[PDB]
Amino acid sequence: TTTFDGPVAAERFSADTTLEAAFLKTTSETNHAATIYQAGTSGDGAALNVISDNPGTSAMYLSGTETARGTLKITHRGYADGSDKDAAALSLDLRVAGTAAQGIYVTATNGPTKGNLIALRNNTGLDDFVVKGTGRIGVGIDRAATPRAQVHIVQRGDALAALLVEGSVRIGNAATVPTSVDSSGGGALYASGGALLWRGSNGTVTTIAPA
């Protein structure tokens, strides 16, 4: 063993070992524990290449305790001319035909979070796609609004419909008969005893078609 009381600088560091090759611990209010930087401006060089051959353990663990930031924060620095149309911030490949591996898995093992499970926020003023902690889904709703149904879709822009279905729509019997409609007016379409019914905004209930 060799102990340097100060910093070491070198052209390169390498270890091929049965010990843990690196343990880098920093305690500071200003310094990161590690910076890895690829300054090349072309070629086949990444900043960081991580590989595991061990099937019994995650190739990589990341744990944080942030109050107002992402545990992993990924920035893609794009191009004003749109020459990055084939790039992504995050790309996942599930390789090997026959695999049953999942793509993205999100849970909360001590109990449900009160925060959004996913929030895609590209267009100003909107939640393009959001799944709330409650499980309700918004599609084009006002940003940070509470969805007013299990799934809430708003027709935006020059879209000609809120919803297109190329196929049939099954509607199960409602467990509770509606007594109201949405604040956007219109009405409530539901099944009751196998029949199709509409409650309109003025409170008229019509059986449209029988069981």
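Don't overthink the numbering: it's just position in the shown sequence, from 1.
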Regarding 26-34 and 156-164, which shows the higher C-alpha temperature factor on average in the entry?
26-34
When the C-alpha temperature factors are averaged for each of 79-87 and 110-118, which stretch ends up with the higher value in the entry?
79-87
For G103, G135, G98, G138, the deposited C-alpha B-factor is largest at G98
Highest CA temperature factor in the entry: which of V205, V8, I208, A211?
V8
Based on the entry's values, in what third of the chain does the Cα temperature factor of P178 lie: lowest, middle or highest?
lowest
Can you tell me whether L62 has a C-alpha B-factor in the lowest, middle or highest third compared with the other modelled residues of the same chain?
middle
Split the chain's modelled residues into thirds by Cα B-factor; is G70 in the lowest, middle or highest one?
middle
By the entry's values, the third containing the CA B factor of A145 is the middle
